>>> print(open('work_31.txt').read())   # compact mmCIF, C-alpha atoms and all ligand atoms
# COMPACT_ATOMS: atom_id res chain seq x y z
CA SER A 1 -107.28 43.94 -6.94
CA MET A 2 -104.51 44.71 -9.46
CA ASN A 3 -101.03 43.78 -8.13
CA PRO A 4 -98.81 46.49 -6.64
CA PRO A 5 -95.50 47.31 -8.24
CA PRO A 6 -92.80 44.91 -7.02
CA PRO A 7 -90.41 45.88 -4.28
CA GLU A 8 -87.58 47.98 -5.63
CA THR A 9 -84.46 46.11 -6.50
CA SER A 10 -82.14 49.00 -7.32
CA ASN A 11 -81.88 52.62 -6.30
CA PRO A 12 -79.30 55.05 -7.64
CA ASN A 13 -79.25 56.93 -4.30
CA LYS A 14 -78.75 53.94 -1.98
CA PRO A 15 -74.98 53.42 -1.16
CA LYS A 16 -73.21 50.23 -2.49
CA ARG A 17 -70.39 47.92 -1.29
CA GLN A 18 -69.28 44.32 -2.04
CA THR A 19 -68.40 42.27 1.00
CA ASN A 20 -67.80 38.66 1.79
CA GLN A 21 -70.97 38.27 3.94
CA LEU A 22 -73.16 39.61 1.11
CA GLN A 23 -71.25 37.36 -1.31
CA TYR A 24 -72.05 34.37 0.95
CA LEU A 25 -75.69 35.30 1.01
CA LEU A 26 -75.82 35.23 -2.81
CA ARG A 27 -73.42 32.37 -3.62
CA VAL A 28 -74.41 30.00 -0.80
CA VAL A 29 -77.61 30.96 0.97
CA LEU A 30 -79.79 32.19 -1.89
CA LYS A 31 -78.26 29.60 -4.27
CA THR A 32 -79.21 26.75 -1.92
CA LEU A 33 -82.78 27.90 -1.47
CA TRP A 34 -83.27 28.97 -5.13
CA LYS A 35 -82.54 25.58 -6.54
CA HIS A 36 -84.58 23.67 -3.92
CA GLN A 37 -87.66 21.76 -5.17
CA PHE A 38 -89.90 24.00 -2.99
CA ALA A 39 -88.46 27.28 -4.23
CA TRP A 40 -90.64 28.01 -7.18
CA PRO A 41 -93.68 29.73 -5.44
CA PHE A 42 -91.15 32.00 -3.77
CA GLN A 43 -89.05 32.90 -6.85
CA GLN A 44 -91.16 35.90 -7.83
CA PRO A 45 -93.68 38.27 -6.30
CA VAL A 46 -97.08 36.77 -5.49
CA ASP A 47 -99.30 37.46 -8.51
CA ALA A 48 -102.57 37.83 -6.62
CA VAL A 49 -104.47 38.44 -9.93
CA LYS A 50 -103.32 35.20 -11.66
CA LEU A 51 -103.63 33.34 -8.33
CA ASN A 52 -107.16 34.79 -7.67
CA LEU A 53 -106.26 36.06 -4.16
CA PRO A 54 -108.09 39.38 -4.13
CA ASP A 55 -107.35 39.89 -0.41
CA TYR A 56 -103.57 39.16 -0.62
CA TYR A 57 -102.43 42.75 -0.83
CA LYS A 58 -105.08 43.79 1.76
CA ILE A 59 -103.41 41.52 4.30
CA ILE A 60 -99.77 41.73 3.15
CA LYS A 61 -98.49 45.29 2.96
CA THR A 62 -94.77 44.44 2.90
CA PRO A 63 -94.48 41.80 0.13
CA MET A 64 -91.21 39.99 -0.38
CA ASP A 65 -89.93 37.09 -2.45
CA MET A 66 -86.66 35.41 -3.42
CA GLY A 67 -86.67 36.88 -6.91
CA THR A 68 -86.56 40.34 -5.37
CA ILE A 69 -83.90 39.22 -2.89
CA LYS A 70 -81.75 37.74 -5.69
CA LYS A 71 -81.93 40.93 -7.71
CA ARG A 72 -81.14 43.01 -4.63
CA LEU A 73 -78.04 40.92 -3.98
CA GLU A 74 -76.96 41.05 -7.66
CA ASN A 75 -77.52 44.83 -7.75
CA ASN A 76 -75.63 45.59 -4.42
CA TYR A 77 -78.82 47.00 -3.08
CA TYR A 78 -78.02 45.87 0.47
CA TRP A 79 -75.33 47.52 2.57
CA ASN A 80 -75.26 44.68 5.10
CA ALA A 81 -76.29 41.11 5.66
CA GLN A 82 -78.98 41.97 8.21
CA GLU A 83 -80.95 43.85 5.54
CA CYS A 84 -81.00 40.71 3.42
CA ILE A 85 -81.82 38.43 6.35
CA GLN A 86 -84.74 40.74 7.19
CA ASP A 87 -86.12 40.31 3.67
CA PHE A 88 -85.97 36.52 3.95
CA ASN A 89 -87.82 36.82 7.28
CA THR A 90 -90.42 39.08 5.74
CA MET A 91 -91.02 36.53 2.96
CA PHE A 92 -91.48 33.66 5.39
CA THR A 93 -93.61 35.67 7.84
CA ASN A 94 -95.92 36.89 5.07
CA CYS A 95 -96.49 33.28 4.00
CA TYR A 96 -97.24 32.21 7.60
CA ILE A 97 -99.63 35.17 8.15
CA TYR A 98 -101.60 34.84 4.94
CA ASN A 99 -101.94 31.02 4.79
CA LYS A 100 -103.30 28.45 7.30
CA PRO A 101 -100.82 26.35 9.41
CA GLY A 102 -101.75 23.05 7.62
CA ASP A 103 -101.13 24.25 4.14
CA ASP A 104 -98.69 22.87 1.64
CA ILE A 105 -97.33 26.37 0.94
CA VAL A 106 -96.65 26.79 4.67
CA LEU A 107 -94.83 23.40 4.83
CA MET A 108 -92.80 24.48 1.86
CA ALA A 109 -91.88 27.80 3.52
CA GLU A 110 -90.96 25.94 6.75
CA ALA A 111 -88.60 23.63 4.92
CA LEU A 112 -86.91 26.55 3.15
CA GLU A 113 -86.73 28.49 6.44
CA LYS A 114 -85.05 25.53 8.24
CA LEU A 115 -82.48 25.39 5.46
CA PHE A 116 -82.09 29.17 5.56
CA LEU A 117 -81.36 29.07 9.28
CA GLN A 118 -78.73 26.29 8.76
CA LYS A 119 -76.86 28.31 6.17
CA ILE A 120 -77.10 31.59 8.16
CA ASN A 121 -75.79 29.67 11.24
CA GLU A 122 -72.50 29.52 9.26
CA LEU A 123 -72.26 33.13 7.96
CA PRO A 124 -68.54 33.96 7.57
CA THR A 125 -66.95 36.72 9.63
CA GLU A 126 -66.53 40.03 7.78
CA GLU A 127 -63.02 40.32 6.24
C1 LIG B 201 -95.54 32.21 -1.72
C2 LIG B 201 -96.99 32.32 -1.36
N1 LIG B 201 -97.42 32.88 -0.21
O1 LIG B 201 -98.76 32.88 -0.26
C3 LIG B 201 -99.18 32.37 -1.36
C4 LIG B 201 -100.68 32.31 -1.54
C5 LIG B 201 -98.08 32.02 -2.14
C6 LIG B 201 -98.07 31.34 -3.47
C7 LIG B 201 -97.20 31.75 -4.52
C8 LIG B 201 -97.25 31.08 -5.73
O2 LIG B 201 -96.39 31.50 -6.70
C9 LIG B 201 -98.12 30.02 -5.95
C10 LIG B 201 -98.98 29.61 -4.92
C11 LIG B 201 -99.92 28.38 -5.10
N2 LIG B 201 -99.52 27.18 -4.27
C12 LIG B 201 -98.08 26.80 -4.49
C13 LIG B 201 -97.58 25.57 -3.66
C14 LIG B 201 -98.59 24.44 -3.61
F1 LIG B 201 -98.33 23.65 -2.57
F2 LIG B 201 -98.41 23.69 -4.62
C15 LIG B 201 -100.02 24.96 -3.52
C16 LIG B 201 -100.33 26.00 -4.59
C17 LIG B 201 -98.94 30.28 -3.69
>>> encode(input="work_31.txt", output="structure tokens", more="lines below")
Ligand SMILES: Cc1noc(C)c1-c1cc(O)cc(CN2CCC(F)(F)CC2)c1
Amino acid sequence: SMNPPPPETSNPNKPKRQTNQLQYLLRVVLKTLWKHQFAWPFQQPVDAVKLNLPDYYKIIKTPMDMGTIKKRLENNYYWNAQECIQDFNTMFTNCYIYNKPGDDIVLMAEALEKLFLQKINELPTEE
């Protein structure tokens, strides 16, 4: 169970724009979660080899992580905020699907998700 390639973070064919909602997602939302004490397991793709999780990529077919999200934001990969929000949701859902409801990693993801929802509650209107 080698790891898959990471999710793409740039694509020369995918259209680009800089907007204030995407800026908010990078500067406020991602920033807040990134620097949180629970961020670190989520700051890069799950390395199922180093973590000895041979079934991870049998269960999780749409991996996602904040490192990927950060690069996507930095690279103007997203056209709109919803695309980015979807990736955060994917990351949290994967964690909840793969792990058991007691688990420390799940509590960590719940805390980040609560914070995520607070910051997305205040997304600015598009200029
Ligand atoms: C995210 C994610 N989703 O599913 C898995 C499995 C991971 C995961 C990713 C990591 O980079 C490291 C660990 C180990 N874990 C960290 C927190 C802890 F609470 F300390 C327990 C050990 C788990």
>>> axis_aligned_box(input="work_31.txt", around="ligand LIG 201 (chain B)", padding_each_side="6 Å", output="JSON")
{"center_x": -98.1, "center_y": 28.3, "center_z": -3.5, "size_x": 17.1, "size_y": 21.2, "size_z": 18.5}
>>> closest_residue(input="work_31.txt", among="A:100, A:63, A:85, A:72", to="residue 123 in chain A", atoms="only C-alpha atoms")
A:85
>>> closest_residue(input="work_31.txt", among="A:59, A:81, A:120, A:28", to="ligand LIG 201 (chain B)", atoms="only C-alpha atoms and all ligand atoms")
A:59
>>> residues_near_ligand(input="work_31.txt", ligand="ligand LIG 201 (chain B)", cutoff="8 Å", atoms="only C-alpha atoms and all ligand atoms", output="JSON, numbers by chain")
{"A": [38, 40, 41, 42, 43, 44, 45, 46, 47, 48, 51, 53, 56, 65, 91, 94, 95, 96, 98, 99, 103, 104, 105, 106, 108, 109]}
>>> write_last_selection(input="work_31.txt", atoms="C-alpha atoms", output="mmCIF file, in the frame of the given file")
data_model
loop_
_atom_site.group_PDB
_atom_site.id
_atom_site.type_symbol
_atom_site.label_atom_id
_atom_site.label_comp_id
_atom_site.auth_asym_id
_atom_site.auth_seq_id
_atom_site.Cartn_x
_atom_site.Cartn_y
_atom_site.Cartn_z
ATOM 1 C CA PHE A 38 -89.900 24.000 -2.990
ATOM 2 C CA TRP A 40 -90.640 28.010 -7.180
ATOM 3 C CA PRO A 41 -93.680 29.730 -5.440
ATOM 4 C CA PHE A 42 -91.150 32.000 -3.770
ATOM 5 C CA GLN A 43 -89.050 32.900 -6.850
ATOM 6 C CA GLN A 44 -91.160 35.900 -7.830
ATOM 7 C CA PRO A 45 -93.680 38.270 -6.300
ATOM 8 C CA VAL A 46 -97.080 36.770 -5.490
ATOM 9 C CA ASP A 47 -99.300 37.460 -8.510
ATOM 10 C CA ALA A 48 -102.570 37.830 -6.620
ATOM 11 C CA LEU A 51 -103.630 33.340 -8.330
ATOM 12 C CA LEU A 53 -106.260 36.060 -4.160
ATOM 13 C CA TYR A 56 -103.570 39.160 -0.620
ATOM 14 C CA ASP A 65 -89.930 37.090 -2.450
ATOM 15 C CA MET A 91 -91.020 36.530 2.960
ATOM 16 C CA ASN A 94 -95.920 36.890 5.070
ATOM 17 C CA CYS A 95 -96.490 33.280 4.000
ATOM 18 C CA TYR A 96 -97.240 32.210 7.600
ATOM 19 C CA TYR A 98 -101.600 34.840 4.940
ATOM 20 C CA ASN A 99 -101.940 31.020 4.790
ATOM 21 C CA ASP A 103 -101.130 24.250 4.140
ATOM 22 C CA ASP A 104 -98.690 22.870 1.640
ATOM 23 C CA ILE A 105 -97.330 26.370 0.940
ATOM 24 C CA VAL A 106 -96.650 26.790 4.670
ATOM 25 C CA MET A 108 -92.800 24.480 1.860
ATOM 26 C CA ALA A 109 -91.880 27.800 3.520
#
>>> atom_distance(input="work_31.txt", atom1="CA of residue 33 in chain A", atom2="CA of residue 67 in chain A")
11.2 Å
>>> atom_distance(input="work_31.txt", atom1="CA of residue 10 in chain A", atom2="CA of residue 61 in chain A")
19.7 Å
>>> closest_residue(input="work_31.txt", among="A:93, A:21, A:37, A:75", to="residue 122 in chain A", atoms="all atoms listed in the file")
A:21
>>> closest_residue(input="work_31.txt", among="A:55, A:8, A:127, A:74", to="residue 26 in chain A", atoms="only C-alpha atoms")
A:74
>>> closest_residue(input="work_31.txt", among="A:83, A:73, A:3, A:110", to="residue 24 in chain A", atoms="only C-alpha atoms")
A:73
>>> decode(input="work_31.txt", residues="range 53-79 of chain A", atoms="N, CA, C and O atoms", output="PDB file, in the first residue's frame")
ATOM      1  N   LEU A  53      -1.030   2.295   7.879  1.00  0.00           N
ATOM      2  CA  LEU A  53      -2.465   2.290   7.712  1.00  0.00           C
ATOM      3  C   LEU A  53      -2.702   1.722   6.325  1.00  0.00           C
ATOM      4  O   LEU A  53      -3.112   2.428   5.412  1.00  0.00           O
ATOM      5  N   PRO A  54      -2.441   0.418   6.150  1.00  0.00           N
ATOM      6  CA  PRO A  54      -2.501  -0.135   4.803  1.00  0.00           C
ATOM      7  C   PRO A  54      -3.872  -0.067   4.138  1.00  0.00           C
ATOM      8  O   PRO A  54      -3.934  -0.134   2.924  1.00  0.00           O
ATOM      9  N   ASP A  55      -4.947   0.107   4.924  1.00  0.00           N
ATOM     10  CA  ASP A  55      -6.297   0.214   4.396  1.00  0.00           C
ATOM     11  C   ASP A  55      -6.751   1.670   4.198  1.00  0.00           C
ATOM     12  O   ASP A  55      -7.859   1.880   3.772  1.00  0.00           O
ATOM     13  N   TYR A  56      -5.907   2.664   4.486  1.00  0.00           N
ATOM     14  CA  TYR A  56      -6.375   4.067   4.399  1.00  0.00           C
ATOM     15  C   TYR A  56      -6.890   4.446   3.034  1.00  0.00           C
ATOM     16  O   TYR A  56      -8.044   4.946   2.899  1.00  0.00           O
ATOM     17  N   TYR A  57      -6.064   4.174   2.012  1.00  0.00           N
ATOM     18  CA  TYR A  57      -6.439   4.513   0.660  1.00  0.00           C
ATOM     19  C   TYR A  57      -7.313   3.474  -0.030  1.00  0.00           C
ATOM     20  O   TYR A  57      -7.599   3.628  -1.210  1.00  0.00           O
ATOM     21  N   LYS A  58      -7.742   2.439   0.707  1.00  0.00           N
ATOM     22  CA  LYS A  58      -8.837   1.532   0.292  1.00  0.00           C
ATOM     23  C   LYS A  58     -10.171   2.099   0.726  1.00  0.00           C
ATOM     24  O   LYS A  58     -11.193   1.905   0.057  1.00  0.00           O
ATOM     25  N   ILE A  59     -10.171   2.833   1.843  1.00  0.00           N
ATOM     26  CA  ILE A  59     -11.396   3.403   2.373  1.00  0.00           C
ATOM     27  C   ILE A  59     -11.618   4.840   1.872  1.00  0.00           C
ATOM     28  O   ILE A  59     -12.746   5.264   1.653  1.00  0.00           O
ATOM     29  N   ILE A  60     -10.526   5.598   1.771  1.00  0.00           N
ATOM     30  CA  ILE A  60     -10.574   7.014   1.415  1.00  0.00           C
ATOM     31  C   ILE A  60     -10.057   7.186  -0.013  1.00  0.00           C
ATOM     32  O   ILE A  60      -8.861   7.072  -0.279  1.00  0.00           O
ATOM     33  N   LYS A  61     -10.987   7.459  -0.906  1.00  0.00           N
ATOM     34  CA  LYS A  61     -10.676   7.605  -2.328  1.00  0.00           C
ATOM     35  C   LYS A  61     -10.608   9.060  -2.762  1.00  0.00           C
ATOM     36  O   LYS A  61     -10.188   9.344  -3.907  1.00  0.00           O
ATOM     37  N   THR A  62     -10.979   9.993  -1.892  1.00  0.00           N
ATOM     38  CA  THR A  62     -10.889  11.414  -2.182  1.00  0.00           C
ATOM     39  C   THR A  62     -10.121  12.076  -1.020  1.00  0.00           C
ATOM     40  O   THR A  62     -10.710  12.832  -0.241  1.00  0.00           O
ATOM     41  N   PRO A  63      -8.811  11.825  -0.935  1.00  0.00           N
ATOM     42  CA  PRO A  63      -8.033  12.411   0.167  1.00  0.00           C
ATOM     43  C   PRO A  63      -8.002  13.911   0.116  1.00  0.00           C
ATOM     44  O   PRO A  63      -7.998  14.510  -0.958  1.00  0.00           O
ATOM     45  N   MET A  64      -7.899  14.553   1.271  1.00  0.00           N
ATOM     46  CA  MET A  64      -7.716  15.995   1.302  1.00  0.00           C
ATOM     47  C   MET A  64      -7.113  16.390   2.622  1.00  0.00           C
ATOM     48  O   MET A  64      -7.271  15.716   3.646  1.00  0.00           O
ATOM     49  N   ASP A  65      -6.393  17.503   2.605  1.00  0.00           N
ATOM     50  CA  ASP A  65      -5.621  17.957   3.782  1.00  0.00           C
ATOM     51  C   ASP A  65      -5.395  19.453   3.665  1.00  0.00           C
ATOM     52  O   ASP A  65      -5.567  20.013   2.588  1.00  0.00           O
ATOM     53  N   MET A  66      -5.063  20.112   4.778  1.00  0.00           N
ATOM     54  CA  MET A  66      -4.854  21.549   4.757  1.00  0.00           C
ATOM     55  C   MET A  66      -3.620  22.012   4.016  1.00  0.00           C
ATOM     56  O   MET A  66      -3.586  23.160   3.573  1.00  0.00           O
ATOM     57  N   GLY A  67      -2.602  21.149   3.902  1.00  0.00           N
ATOM     58  CA  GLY A  67      -1.454  21.518   3.094  1.00  0.00           C
ATOM     59  C   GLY A  67      -1.834  21.705   1.640  1.00  0.00           C
ATOM     60  O   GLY A  67      -1.435  22.709   0.978  1.00  0.00           O
ATOM     61  N   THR A  68      -2.621  20.747   1.130  1.00  0.00           N
ATOM     62  CA  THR A  68      -3.171  20.856  -0.220  1.00  0.00           C
ATOM     63  C   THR A  68      -4.046  22.100  -0.355  1.00  0.00           C
ATOM     64  O   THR A  68      -3.955  22.816  -1.337  1.00  0.00           O
ATOM     65  N   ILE A  69      -4.936  22.324   0.597  1.00  0.00           N
ATOM     66  CA  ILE A  69      -5.812  23.478   0.541  1.00  0.00           C
ATOM     67  C   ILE A  69      -5.020  24.799   0.510  1.00  0.00           C
ATOM     68  O   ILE A  69      -5.313  25.680  -0.277  1.00  0.00           O
ATOM     69  N   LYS A  70      -4.007  24.888   1.372  1.00  0.00           N
ATOM     70  CA  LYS A  70      -3.134  26.078   1.415  1.00  0.00           C
ATOM     71  C   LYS A  70      -2.470  26.324   0.082  1.00  0.00           C
ATOM     72  O   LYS A  70      -2.497  27.454  -0.402  1.00  0.00           O
ATOM     73  N   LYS A  71      -1.907  25.274  -0.516  1.00  0.00           N
ATOM     74  CA  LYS A  71      -1.262  25.448  -1.812  1.00  0.00           C
ATOM     75  C   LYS A  71      -2.288  25.826  -2.852  1.00  0.00           C
ATOM     76  O   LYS A  71      -2.014  26.631  -3.723  1.00  0.00           O
ATOM     77  N   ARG A  72      -3.478  25.221  -2.828  1.00  0.00           N
ATOM     78  CA  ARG A  72      -4.499  25.589  -3.801  1.00  0.00           C
ATOM     79  C   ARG A  72      -4.874  27.067  -3.717  1.00  0.00           C
ATOM     80  O   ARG A  72      -4.977  27.780  -4.748  1.00  0.00           O
ATOM     81  N   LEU A  73      -5.024  27.547  -2.491  1.00  0.00           N
ATOM     82  CA  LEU A  73      -5.310  28.973  -2.289  1.00  0.00           C
ATOM     83  C   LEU A  73      -4.166  29.855  -2.794  1.00  0.00           C
ATOM     84  O   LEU A  73      -4.393  30.837  -3.543  1.00  0.00           O
ATOM     85  N   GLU A  74      -2.942  29.522  -2.407  1.00  0.00           N
ATOM     86  CA  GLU A  74      -1.751  30.283  -2.849  1.00  0.00           C
ATOM     87  C   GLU A  74      -1.598  30.286  -4.369  1.00  0.00           C
ATOM     88  O   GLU A  74      -1.088  31.278  -4.946  1.00  0.00           O
ATOM     89  N   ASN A  75      -1.951  29.192  -5.017  1.00  0.00           N
ATOM     90  CA  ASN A  75      -1.792  29.026  -6.455  1.00  0.00           C
ATOM     91  C   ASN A  75      -3.010  29.496  -7.308  1.00  0.00           C
ATOM     92  O   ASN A  75      -3.016  29.328  -8.525  1.00  0.00           O
ATOM     93  N   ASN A  76      -4.035  30.079  -6.666  1.00  0.00           N
ATOM     94  CA  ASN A  76      -5.310  30.477  -7.336  1.00  0.00           C
ATOM     95  C   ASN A  76      -5.952  29.329  -8.050  1.00  0.00           C
ATOM     96  O   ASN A  76      -6.521  29.477  -9.137  1.00  0.00           O
ATOM     97  N   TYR A  77      -5.822  28.145  -7.476  1.00  0.00           N
ATOM     98  CA  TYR A  77      -6.437  26.992  -8.041  1.00  0.00           C
ATOM     99  C   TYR A  77      -7.953  27.067  -8.046  1.00  0.00           C
ATOM    100  O   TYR A  77      -8.630  26.527  -8.933  1.00  0.00           O
ATOM    101  N   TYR A  78      -8.525  27.659  -6.999  1.00  0.00           N
ATOM    102  CA  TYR A  78      -9.984  27.719  -6.856  1.00  0.00           C
ATOM    103  C   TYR A  78     -10.518  28.920  -7.627  1.00  0.00           C
ATOM    104  O   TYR A  78      -9.962  29.989  -7.556  1.00  0.00           O
ATOM    105  N   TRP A  79     -11.637  28.743  -8.297  1.00  0.00           N
ATOM    106  CA  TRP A  79     -12.379  29.880  -8.839  1.00  0.00           C
ATOM    107  C   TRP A  79     -13.268  30.526  -7.808  1.00  0.00           C
ATOM    108  O   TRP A  79     -13.491  31.709  -7.877  1.00  0.00           O
TER     109      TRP A  79
END
